[PDB]
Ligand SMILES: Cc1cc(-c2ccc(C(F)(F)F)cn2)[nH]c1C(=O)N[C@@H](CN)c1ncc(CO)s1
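Taking the form deposited without this ligand, here's one chain by itself in C-alpha cells.
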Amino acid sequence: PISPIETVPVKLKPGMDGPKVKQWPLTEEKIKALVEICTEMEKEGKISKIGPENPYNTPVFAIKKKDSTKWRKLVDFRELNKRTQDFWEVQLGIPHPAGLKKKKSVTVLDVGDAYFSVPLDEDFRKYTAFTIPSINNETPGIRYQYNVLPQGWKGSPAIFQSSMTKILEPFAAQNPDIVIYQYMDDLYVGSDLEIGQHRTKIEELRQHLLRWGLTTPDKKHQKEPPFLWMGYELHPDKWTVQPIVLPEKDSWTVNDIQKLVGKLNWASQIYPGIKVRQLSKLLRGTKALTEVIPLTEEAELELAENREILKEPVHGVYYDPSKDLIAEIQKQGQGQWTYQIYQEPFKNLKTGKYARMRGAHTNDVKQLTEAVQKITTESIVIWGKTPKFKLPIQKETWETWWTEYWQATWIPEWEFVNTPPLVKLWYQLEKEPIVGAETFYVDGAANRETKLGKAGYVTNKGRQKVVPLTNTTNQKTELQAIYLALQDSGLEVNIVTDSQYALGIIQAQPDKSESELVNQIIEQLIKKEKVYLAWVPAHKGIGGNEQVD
C-alpha cells in the first residue's frame, strides 16, 4: 500500500527570482468552486495549504461546463515558465509507423494523467504558490502550493517522461519478449506471444506501474485490430492513418494556428507535400506570444491545399529487417519529385515528395542529388540504414556529371530505372578550343546613370555586331553579349569573354533559371554541337575591339 518515487532537482534561470503575479477578482461562484476542488486536491496530496510568508504567486482561473462535471481549476504558469530553467528536449523526432516491425499482439495504454502523480522537487514547490481570493475581500485568500508536477508547468512533460522511463526500465529488461515504446502519453506494448500470455504481461505491467502510484484508465473495450497508437491505426499486417479533417473557420487565433501547424508537422512525414507559409504568421503571431486573432492570408492557399491532400487515407506495411530497403524516385516537373521506399514491390513503407530548394539557377541532376540526400537522412532516422536507390538517370550521364562538376558530389549505391522523364545533361561545354570554329570575342557595357548599354562581338572571320540596350546593367550587358554570339554563330563556336560574372553562372551548369536572359542562353547552348567558353582579364591588350561597345 506504500509508494515511492525520485524527484528531479529544478532551478529557476540564473539571476531570476520566482513569480509574483497578483490574483485578480473572481466571482462568488468560481471562488466556491475553487475552494471545493482544492479541498479535494489537498486531500489527495496534490497541493498543500501554506501560510502568508511565501512571497510568490501565480493567478488561478475557473471554468468548464457542468456536463462532464462541475468547474475546472486552471493555473496560468506563463510567468513561472519564463523563469524556470530549460530542460532536456522531450520531442526531437516523431516515430513513423513504417519503422515498426510486425508484432502478433499489441496493446496501447494511456498514461496521460500519470504526470499528476509525480512529486515535485521539494525546494521548488514554493514557486508554484497560488491564491484563492475570498468571498468579498473580507478574508485573506487561501494560499496553496503544488506538491506534484503542475498541469501547465514547463518541466512537467520532461520530468514525467524521465520518471516513467526509469520505472519501466526494470520491467522491460526483465521481459525481453515484449517491446515497450512511449510517445508523449501513449504506451505501445507489443510482442509475438499468444494473446493469453500477452494480456498477462499487460496486467503485470499495470500492477508494476501501480507500485509507484501510477494508474492506467480502465479497459476501454473496443474491437481490435486496429490498435490505436499516437494517431496510427495498427493492424497485424499493415498500418493506416485515417483522413485528417482540418478545422473550418473564418477566424483564427494564435492558439488555433499553433495546433494546426502542430498537426500538419505530424502529418508531414505521413502525407506527401505540406506547408509552412502559415508559420510566417506564427513567428510574428506567437512573436507577440499573444493568443489573439491573426488575420490569415495566403496561408489560405496552402491550408486549402493541405486540406485536399489530407482528404485521403494513408496505407503502408511494416519493416522487415531481413530485407533490403529500396527507394525509387521520379521527376514530376516544376522542380517536384516523388519517391517510394519499399522492400517488396508494390508494398510501400513510405511514399512522398520533394520540392527543389529555392535558387536562382538550378539543374535536374543537382535536384535529384538533393532528393537522394533527403531520403537518405530520413531513412537513417526511421530504419537506421540507407536504402538502395532506383534512379531515372543513366549510369553514363551520372559519370559525365560528377567527373566534370567543379564541386565534390556523390550518390550512394543505386541502379538505373528507365522511367520517363529521364534526367540528363542538356549541354556540355568543351574542355579545349575548337579547331576551325569561329572565335567570338564578346563584350558589354552599360551606363549606371542612363541605364543604357551596348553588347557586341567581333570574330576572327571578320563578323561583327553591336546592339543597343536600355534599362540594363554591366552584368546584364555581359550576358547579352554572350547571347548575341550564340545567336549569330554556327553549331560550333569559341566564345571569349572577360565577364567573371557570366563565367560563374555557366560554370554552375544550369539547365534552368529564373533570369530570362540566362534561360535564353541555356536554350541556345542546348542547340549548339560544341561550345568552348574562354575567359580573359578585362582592361588590357585582349580581344581587340572592346571600344565598339
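Rigid core here is just the name for the largest C-alpha set that superposes within 1.5 Å across the two forms. Numbers for residues come from their place in the sequence shown, where the first is 1.
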Between 246-254 and 313-321, which has the higher average C-alpha B-factor in the PDB entry? 246-254
May I ask you to compare 146-154 and 352-360 by their mean CA B factor in the entry and name the higher one? 352-360
Which one of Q428, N265, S117, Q182 shows the biggest C-alpha B-factor in the PDB entry? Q182
Max C-alpha B-factor within the set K201, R284, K374, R125 falls on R284
Sorting the chain's modelled residues by C-alpha B-factor, tell me whether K540 ends up in the lowest, middle or highest third. highest
For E492, the third of its chain into which the C-alpha B factor falls: middle
Ranking the modelled residues of this chain by C-alpha B-factor as given in the entry, is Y483 in the lowest, middle or highest third? lowest
Chain-wide C-alpha B factor ranking for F227, given as lowest, middle or highest third: highest
With respect to C-alpha B-factor, does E378 fall in the lowest, middle or highest third of the chain as deposited? lowest
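Heads up, the form deposited with this ligand bound isn't pictured, but that's what we're talking about next.
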For the unliganded chain shown, is the site open or blocked after superimposing this ligand from its bound pose in the deposited complex, using a cut-off of 2.4 Å to backbone and C-beta atoms and a threshold of 3 ligand atoms? blocked
Report the residue, out of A355, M230, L279, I309, that has at least one non-hydrogen atom within 4.5 angstroms of this ligand in the deposited complex. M230
May I ask you to choose, among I257, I142, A129, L100, the residue with a heavy atom within 4.5 Å of this ligand in the deposited complex? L100
Every residue of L80, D121 and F124 near this ligand in the deposited complex, heavy atom within 4.5 Å: no
Verify the contact flag for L234: yes if a non-hydrogen atom of it lies within 4.5 Å of a non-hydrogen atom of this ligand in the deposited complex, no if not. yes
Quick one: is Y188 in contact with this ligand in the deposited complex, heavy atoms, 4.5 Å cut-off? yes
In the deposited complex, does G273 come within 4.5 Å of this ligand, counting heavy atoms only? no
So, in the deposited complex, is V108 in contact with this ligand at a 4.5 angstroms heavy atom limit? yes
Following superposition of the rigid core, which of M164, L260, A129, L368 is the only residue with a C-alpha displacement of 2 Å or more between this form and the one not shown? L260
After the core is matched up, is the C-alpha of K201 off by 2 Å or more between this form and the one not shown? no
With both forms fit on the core, has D67 moved 2 Å or more by CA between this form and the one not shown? yes
Taking the rigid core as the frame, does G359 move its C-alpha by 2 Å or more between this form and the one not shown? no
Evidently the Cα separation of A360 and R284 changes by 3 Å or more in the deposited complex, so the atoms lie closer
Inter-Cα distance between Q182 and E224 in the deposited complex, nearer or further [3 Å or more]: closer
